[PDB]
Amino acid sequence: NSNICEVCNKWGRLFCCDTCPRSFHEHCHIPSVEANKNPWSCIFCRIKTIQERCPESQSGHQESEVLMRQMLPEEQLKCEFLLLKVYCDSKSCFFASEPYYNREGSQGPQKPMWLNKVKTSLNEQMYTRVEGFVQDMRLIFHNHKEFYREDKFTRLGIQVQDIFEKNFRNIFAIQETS
Ligand SMILES: [Zn+2]
Ligand SMILES: [Zn+2]
Ligand SMILES: [Zn+2]
């Protein structure tokens with residue numbers, strides 16, 4: 001197995017996947033690495049299994065259909081994995097914890113949002129459709145862009161949104177378009 005966490009790229013107290021060489025801190029994996037379970041298989045492996053059991057699941061889909069899906073176990077897992085892919089980027093730090101807004105010439109968002117809030121919401125089964133998870137993820141970056149206006153820091157929102165959107169299209173097999 002790898003000697004660094006797949007998500008944050010640091011060493012420490014690492015749990016190793018039994019079916020692949022990846023490793024994780026407990027609370028870096030989503031869901032948090034499970035207490036017992038031998039063997040244990042990481043989210044990467046669990047997602048690959050879904051794909052292998054239903055190869056047709058990789059055929060192109062419309063985003064509107066994907067958003068309306070209920071959060072049954074496979075869609076719950078897919079959202080967990082998508083959230084984890086965002087945390088894999090180091091720039092996710094800016095969006096992880098609860099923000100605050102005191103900048104001359106800007107007013108904070110009406111509905112603040114952050115990654116650890118989406119993480120808690122997934123863990124508490126608060127989303128009934130994929131749309132609820134995707135709307136809160138997009139709101140993170142939209143709030144950022146609106147608040148920072150012309151400051152070049154706005155770019156961090158565009159960057160992390162792009163990581164979200166590419167991973168969304170991959171994980172939910174969104175039909176490719178020009
Ligand atoms: Zn980690
Ligand atoms: Zn694995
Ligand atoms: Zn099948």
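Heads up: numbering here begins at 1 and tracks the sequence. Only this structure's heavy atoms are used, side chains among them; waters, hydrogens and symmetry mates stay out.
With sequence neighbours excluded, no residue satisfies ring pair (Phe, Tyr, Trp, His ring centres under 6.0 Å) with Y87. Listed by chain and number, the residues in a ring pair (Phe, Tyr, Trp, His ring centres under 6.0 Å) with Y101 are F147 (sequence neighbours excluded).
Without hydrogens or angle criteria, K145 side chain to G157 main chain gives no donor-acceptor distance under 3.5 Å. Of the possible polar contacts, none joining the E63 side chain to the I174 backbone as a donor-acceptor pair under 3.5 Å is found. For the pair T49 (side chain) and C45 (backbone), a donor-acceptor distance under 3.5 Å is present.
Checked for salt-bridge contact, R69 and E65 meet the test: a charged N lies under 4.0 Å from a carboxylate O. Taking 4.0 Å as the cut-off between side-chain N and carboxylate O, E75 and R129 do not count as a salt-bridged pair. Ion pairing between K117 and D136 fails under the 4.0 Å rule for side-chain N and carboxylate O.
Side-chain contact check for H27 versus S32: some heavy-atom pair is nearer than 4.5 Å. You'll find the side chain of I43 reaches within 4.5 Å of the side chain of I47, heavy atoms only. For the pair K119/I30, a side-chain contact is recorded, criterion being any heavy-atom separation below 4.5 Å from C-beta on. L83 places a side-chain heavy atom less than 4.5 Å from the side chain of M137. Between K166 and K85, every side-chain heavy-atom pair lies at or beyond the 4.5 Å cut-off. Between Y148 and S106, the closest side-chain pair of non-hydrogen atoms is not below 4.5 Å.
Pairing each heavy atom of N143 with each of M113, the nearest pair is ND2-N, 3.9 Å. For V7 against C28, the heavy-atom pair with the smallest separation is CG2-O, 3.7 Å. In this structure, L82 and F168 approach most closely via the heavy-atom pair CD1-N, 3.6 Å.
Remark: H142 NE2 is loosely packed, at most 12 non-hydrogen atoms of other residues, nucleotides or ligands lying under 6.0 Å away. Atom CD of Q58 is surrounded by more than 12 heavy atoms from other residues, nucleotides or ligands within 6.0 Å. Counting heavy-atom neighbours within 6.0 Å of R155 CZ, excluding the residue itself, gives a total of 12 or less. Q175 CD: more than 12 foreign heavy atoms inside a 6.0 Å radius. Other residues, nucleotides and ligands contribute more than 12 heavy atoms inside 6.0 Å of the CD atom of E56.
Put simply, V66 and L139 are part of the same group of oily side chains (I, L, V, M, F, W, Y) that touch within less than 4.5 Å, one to the next. Under the 4.5 Å side-chain heavy-atom criterion for grouping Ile, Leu, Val, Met, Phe, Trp and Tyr, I163 is not connected to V134 through any hydrophobic cluster.
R13 forms a cation-pi arrangement with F15, by the criterion of a distance under 6.0 Å to the ring centre and an angle within 45° of the ring axis.
Aromatic ring centres of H144 and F95: separated by under 6.0 Å.
The stretch residues 88-97 participates, sequence neighbours left out, in these side chain to side chain donor-acceptor pair (under 3.5 Å) pairs: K91-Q159.
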